[PDB]
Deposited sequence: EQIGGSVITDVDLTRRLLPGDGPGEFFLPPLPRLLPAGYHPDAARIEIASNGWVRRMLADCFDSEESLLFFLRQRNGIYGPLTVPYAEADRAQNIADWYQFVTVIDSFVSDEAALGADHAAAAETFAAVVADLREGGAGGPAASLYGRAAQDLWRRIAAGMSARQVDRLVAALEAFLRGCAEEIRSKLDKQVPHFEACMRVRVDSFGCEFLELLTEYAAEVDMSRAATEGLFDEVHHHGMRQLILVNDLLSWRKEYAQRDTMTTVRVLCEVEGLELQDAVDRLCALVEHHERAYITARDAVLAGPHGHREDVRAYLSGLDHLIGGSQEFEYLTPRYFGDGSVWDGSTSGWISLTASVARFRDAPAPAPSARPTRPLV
């Protein structure tokens, strides 16, 4: 292919920066050095990771949260992103997971601490299944990909950390299934935006678990036609997320402030995530610096990329 067009995406949902996002990014960088430095082969490898500005992802997901909780969340995402990067490449990571657990557990119910360990297990089980899929060089069909990505994208910790940020416990509502539709469309929107923006990286790293590879290699589509398909698919799941949300709100439990708070959380999680995914050198290449552009022509293979108004 060489160069494709990413069109304007709907961007219907609030996308806000925590008032302390820039400072939180730096302190998170601080935490990654103290806790995770020895995970990298060199200072060169650590700085490659820190230049992805993954520290600002957290505060872009919870712009509403108390600074302490925003910082806790920012460090969690750097932590799981380090693991996520080695997937694609106490104990070693144990001391880091313990610092996070000690910091986050203090502002969680007992049932939420159980859900966080389960959510991490789900992520790792997702990751493990991606490793086998990649070693065997077998790309799954669309739905199978999405099934693996519910675990691998870390939907359960995305949902739980939303609660943690909003200072609610939706454990009872979850078991009951109040957010089943909301989560289906919300997580699938999150995943497909990510698939679209992380394609340069996953293409380069031969990662298998992405709907761009499924559309290209298993459905045999041209890149532009796959990009146009998933872009339309993002609009679907985003509009249905809004519909399913508006239904919980209009419905029986929708007057509750805890439900309203959690759903406003997901709103900012979905819009904030996309803002980050345009920002990060992780997707646009080491050396890239975001200029604020959000659509246009971009290179699949160039070491660094950005949206231009012509090929």
**Study point:** Missing CA stretches, deposited numbering from 1, N-terminus first
**Key:** 1 to 22, 112 to 142, 365 to 377
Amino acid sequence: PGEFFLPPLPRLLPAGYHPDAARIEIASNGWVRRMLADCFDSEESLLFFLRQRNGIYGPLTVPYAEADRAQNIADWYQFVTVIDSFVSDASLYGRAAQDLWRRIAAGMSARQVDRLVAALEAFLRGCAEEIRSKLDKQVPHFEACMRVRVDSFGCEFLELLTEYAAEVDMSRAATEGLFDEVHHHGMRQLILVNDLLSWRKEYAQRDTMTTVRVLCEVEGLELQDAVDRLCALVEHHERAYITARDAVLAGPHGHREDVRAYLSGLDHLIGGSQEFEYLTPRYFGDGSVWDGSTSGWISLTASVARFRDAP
From here on, numbers count along this sequence of modelled residues.
Practice item. Check the entry's C-alpha temperature factors for 217 to 225 and 181 to 189, then say which stretch has the higher mean. Key: 217 to 225
Exercise for review: Using the B-factors recorded in the PDB entry, average over the C-alpha atoms of 144 to 152 and of 74 to 82, then report which stretch comes out higher.
Suggested key: 144 to 152
Study note, to complete from the structure: Looking only at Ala65, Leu36, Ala250, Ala27, the Cα with the top B-factor belongs to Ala250
Point to revise | Candidate residues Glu238, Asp195, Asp89, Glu163, the one whose C-alpha B factor the record puts highest | key: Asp89
Practice item. Classify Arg103 as lowest, middle or highest third according to the C-alpha B-factor given in the PDB entry, relative to its own chain. Key: middle
Review point. What third of its chain, lowest, middle or highest, does the C-alpha temperature factor of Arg51 fall into?
Key: lowest
Check your understanding: By the record's CA B-factor, is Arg282 among the lowest, middle or highest third of residues in the chain?
Key -> lowest
Practice item. Going by the recorded CA B-factors, say which third of the chain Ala310 sits in, lowest, middle or highest. Key: highest
Check your understanding: According to the PDB entry, is the CA B factor of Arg256 in the bottom, middle or top third of its chain, that is, lowest, middle or highest?
Key -> highest
